[PDB]
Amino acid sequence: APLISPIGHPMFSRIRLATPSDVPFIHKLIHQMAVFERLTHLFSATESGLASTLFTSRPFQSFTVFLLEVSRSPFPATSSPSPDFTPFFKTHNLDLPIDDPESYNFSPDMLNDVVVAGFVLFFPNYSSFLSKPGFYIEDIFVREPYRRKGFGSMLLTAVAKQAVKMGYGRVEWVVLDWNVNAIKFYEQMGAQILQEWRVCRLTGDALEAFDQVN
């Protein structure tokens, strides 16, 4: 195909490990996710809480976050937070340029046009039958100006590739039963929906009541 001209409106992406410096961006992404999911009454996250709880172990040992950053220019390629990870890169052909007015709140530096567009939070789970760890994806969120461009699936693929690299047995996550388009995409990549399983949660006053029963 004789294509000389570069793509119109290219967008460069990088998926990297979050470090403590990224706490304000993680906090703001979670707040936007609460607004998006209509679960704002549950939002009580703080920067101090995220800083205090997300980095008590090494990357991939417990809570791990990958951040997705985007730029209108290639990323110029500090030691990585883990010896077991190197960032992923991809070039995207956008149909139209992206309008992102909140980019000032999601810019680690800003002088290089690097904007945090989304995240995935995950941690090791376990398969008793295989005697092997796996990864469980707790949350994937992409900010509204970047949705419907394949970025959420790239964050999922980053976790799946990390599991294979580490010799892990499974990658698990939840899908909303009415999100028919996501279900079909997951079935297309070979994932199985565990039809019989229902998730139970004990929290708030109901969880607090266990302090008394002996």
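Residue numbers run from 1 along the displayed sequence. So that the term is clear: the rigid core is the largest set of C-alpha atoms that superpose within 1.5 Å between two forms.
- Each structure in 5 other deposited structures of this protein is fitted to the shown form on the rigid core, and of 23 to 31 and 160 to 168 the C-alphas lie farther away on average for 160 to 168.
- Averaged over structures and residues, the CA distance from the shown form in 5 other deposited structures of this protein after a core fit is larger for 131 to 139, of the two stretches 131 to 139 and 113 to 121.
- In at least a third of the other compared PDB entries of this protein that cover both flanking sides, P97 is left without coordinates.
- Among other deposited entries of this protein with both flanking residues present, none omit coordinates for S107; it is modelled throughout, well short of a third.
- Unmodelled deposited residues between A77 and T78: 1 to 3, per the record.
- Looking at 129 to 137 and 107 to 115 together, the entry lists the larger mean B-factor for 107 to 115, computed on C-alpha atoms.
- Higher mean CA temperature factor, per the PDB entry, when comparing 47 to 55 with 29 to 37: 29 to 37.
- In this entry, the residue among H9, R198, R16, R201 with the greatest C-alpha B factor is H9.
- Of the candidates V174, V70, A158, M189, the PDB record gives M189 the highest C-alpha temperature factor.
- In the PDB entry, a CA B factor belonging to the highest third of its chain's modelled residues is recorded for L42.
- Among the modelled residues of its chain, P124 has a C-alpha B-factor that falls in the lowest third according to the deposited record.
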